[PDB]
**Q** 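The structure is given below, and queries will be raised subsequently.
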Amino acid sequence: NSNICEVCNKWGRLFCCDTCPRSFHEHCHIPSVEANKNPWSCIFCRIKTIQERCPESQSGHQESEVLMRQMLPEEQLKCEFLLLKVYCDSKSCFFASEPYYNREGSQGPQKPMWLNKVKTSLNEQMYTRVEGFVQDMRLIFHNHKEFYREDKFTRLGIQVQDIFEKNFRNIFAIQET
Ligand SMILES: CO[C@]1(C)Oc2ccc(N)cc2O[C@@]1(C)OC
Ligand SMILES: [Zn+2]
Ligand SMILES: [Zn+2]
């Protein structure tokens, strides 16, 4: 197995996948690494198995159909994996914890949103459709771009949103256009 966490790229107390070489800090994996389980397979492996069991799941889909899906276990897992792929980018640090807004010439967003809040909402089964999760993720970046205006720091939101959108299209097999 790898000697660093797949998500944050640091060493520490690591839990090793039994079916691939990846390793994870307990709370960097999503869902958090399960207490007792041998063998244990990581979320990458679990997502791959869904693909293998149903190869046609990789055929192109319409975004509007994906968003309307209820959060059954496979969709729950795909949203957990999509969230994890955002945390895998080191620029996710800017979006992880609860933000605050005090900048001359700007007003904070009406509905603040951040990755750890989305992580909690998934863990608590608060989303009934894919749409709820995707709307909260897009809101994180939209709030950032509106607040920072012409400050070049706006670009961090564009960059992390692009990682989110590329992973969304791949994980949910959105039809290429
Ligand atoms: C959809 O393909 C999977 C399940 O997820 C990915 C998501 C983003 C990117 N970039 C690549 C991915 O490759 C796979 C095979 O995981 C390793
Ligand atoms: Zn980690
Ligand atoms: Zn694995």
Side-chain angles (χ1 to χ4, degrees), residues 1-2 4-36 38-69 71-98 114-120 122-123 127 129-131 133-138 140-141 156-177:
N1 288 86
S2 182
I4 56 172
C5 180
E6 188 78 352
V7 183
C8 73
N9 300 107
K10 299 293 193 283
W11 182 63
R13 178 67 180 102
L14 294 176
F15 293 88
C16 294
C17 184
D18 290 317
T19 51
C20 80
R22 297 176 177 93
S23 300
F24 299 85
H25 296 112
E26 176 177 1
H27 295 307
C28 281
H29 197 268
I30 308 180
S32 287
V33 181
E34 296 77 12
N36 200 285
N38 201 335
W40 175 74
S41 290
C42 80
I43 188 151
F44 292 78
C45 289
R46 298 173 64 186
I47 293 283
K48 179 203 301 180
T49 293
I50 294 170
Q51 284 179 326
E52 292 176 353
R53 286 187 167 153
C54 287
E56 74 285 21
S57 70
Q58 291 166 285
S59 292
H61 299 82
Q62 297 299 112
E63 177 177 313
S64 60
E65 178 271 321
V66 166
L67 298 182
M68 291 296 319
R69 292 179 187 165
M71 285 283 267
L72 296 179
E74 293 190 346
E75 312 304 319
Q76 174 78 28
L77 188 71
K78 290 176 166 199
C79 291
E80 290 164 345
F81 186 45
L82 176 46
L83 182 56
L84 178 139
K85 289 305 302 294
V86 174
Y87 275 102
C88 283
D89 196 287
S90 67
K91 292 164 180 286
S92 66
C93 61
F94 295 111
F95 300 106
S97 71
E98 186 170 9
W114 56 101
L115 298 167
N116 291 347
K117 181 173 179 81
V118 177
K119 180 178 276 198
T120 293
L122 274 174
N123 177 66
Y127 298 119
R129 291 178 195 268
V130 174
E131 184 185 61
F133 166 79
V134 170
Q135 284 173 346
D136 275 355
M137 290 294 286
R138 292 175 166 161
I140 293 175
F141 311 118
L156 271 298
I158 295 166
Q159 290 178 313
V160 181
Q161 184 154 10
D162 286 345
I163 296 293
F164 171 74
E165 297 294 345
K166 285 180 187 284
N167 278 276
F168 173 70
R169 291 190 304 266
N170 204 357
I171 292 166
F172 289 94
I174 299 296
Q175 171 62 51
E176 286 287 291
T177 57

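Positions are given from 1, in the same order as the sequence printed here. Order of appearance sets the numbers: ligands from 1, and atoms from 1 within every ligand.
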**Q** Take atom CD of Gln62 as the centre, draw a 6.0 Å sphere, and report whether it contains more than 12 heavy atoms from other residues, nucleotides or ligands.
**A**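 For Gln62, atom CD is not crowded (no more than 12 foreign heavy atoms under 6.0 Å).
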**Q** Checking contacts here: is it the side chain or the backbone of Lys166 that comes within 4.0 Å of ligand 1, counting heavy atoms only? Could be both or neither.
**A**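 Near ligand 1, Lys166 shows nothing, with every heavy atom at 4.0 Å or more.
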**Q** Is there a donor-acceptor pair under 3.5 Å between the side chain of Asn1 and the backbone N or O of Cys17?
**A**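 It does hold such a pair.
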**Q** Got the closest protein heavy atom to atom 12 (C) of ligand 1, with its distance?
**A**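 Ranking protein heavy atoms by distance from atom 12 (C) of ligand 1, first comes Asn170 ND2, 3.6 Å.
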**Q** To the closest 0.5 Å, what do you measure between CD (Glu34) and OG (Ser41)?
**A**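 The CD atom of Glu34 sits 10.0 Å away from the OG atom of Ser41.
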**Q** Under the 3.5 angstrom rule, does the side chain of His25 hit a backbone N or O of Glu6 as a donor-acceptor pair?
**A**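 Not confirmed, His25 side chain does not pair with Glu6 backbone.
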**Q** Run the salt bridge (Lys or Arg N to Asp or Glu O under 4.0 Å) test on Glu65 and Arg69 for me, step by step, so that the C-alpha distance in whole Å, both residues' side-chain angles and the decisive distance to 0.1 Å come before the verdict.
**A** CA-CA 7 Å; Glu65 178 271 321; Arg69 292 179 187 165; 2.8 Å; yes
**Q** Quick one: look up the protein heavy atom nearest atom 4 (C) of ligand 1 and list residue, atom name and how far away it is.
**A**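 The closest one turns out to be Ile47 CG2, 3.5 Å.
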**Q** Should we count CD of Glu74 as having more than 12 external heavy atoms under 6.0 Å?
**A**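 No.
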**Q** Could you tell me which non-hydrogen atom of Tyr127 sits nearest to which non-hydrogen atom of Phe133, and how far apart they are?
**A**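 What the structure gives for the nearest pair is CD2-N, 3.5 Å.
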**Q** With a 4.0 Å cut-off on N to O distance, would you call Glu165 and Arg138 a salt bridge?
**A**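 Salt bridge present between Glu165 and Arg138.
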**Q** Taking the side chain as everything from C-beta on, heavy atoms only, tell me whether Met71 gets closer than 4.5 Å to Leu122.
**A**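 Side-chain contact under 4.5 Å: yes.
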**Q** Which residue and atom name correspond to the protein heavy atom nearest atom 16 (O) of ligand 1, and how close is it?
**A**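 Going atom by atom, the protein heavy atom closest to atom 16 (O) of ligand 1 ends up being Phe81 CZ, 4.3 Å.
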**Q** What is the nearest protein non-hydrogen atom to atom 2 (O) of ligand 1, stated with its residue, atom name and distance?
**A**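 Here the closest protein heavy atom is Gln51 NE2, 3.8 Å.
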**Q** State, to the nearest 10 degrees, the angle whose vertex is the Zn ion (ligand 3) and whose arms point to SG of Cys45 and SG of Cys20.
**A**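 Seen from the Zn ion (ligand 3), SG and SG are separated by roughly 100°.
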**Q** Name the orientation class of the two ring planes belonging to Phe168 and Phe164 (parallel below 30°, tilted from 30 to 60°, perpendicular beyond 60°).
**A**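 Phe168 vs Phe164 ring planes: parallel.
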**Q** Between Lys85 and ligand 1, which residue portion shows a heavy-atom distance shorter than 4.0 Å: side chain, backbone, both, or neither?
**A**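 Contact part for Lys85 vs ligand 1: side chain (C-beta onward).
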**Q** Any protein heavy-atom neighbour for atom 14 (C) of ligand 1 (distance below 4.0 angstrom)?
**A**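 Within 4.0 Å of atom 14 (C) of ligand 1, no protein heavy atoms are found.
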**Q** Any idea which protein heavy atom is nearest atom 8 (C) of ligand 1, and the distance to it?
**A**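 Its nearest protein heavy-atom neighbour is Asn167 OD1, 3.1 Å.
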**Q** Please give me the protein atoms (N, O or S only) lying under 2.8 Å from the Zn ion (ligand 2), ordered by chain and number.
**A**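 N, O, S partners closer than 2.8 Å: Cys5 SG, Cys8 SG, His25 ND1, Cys28 SG.
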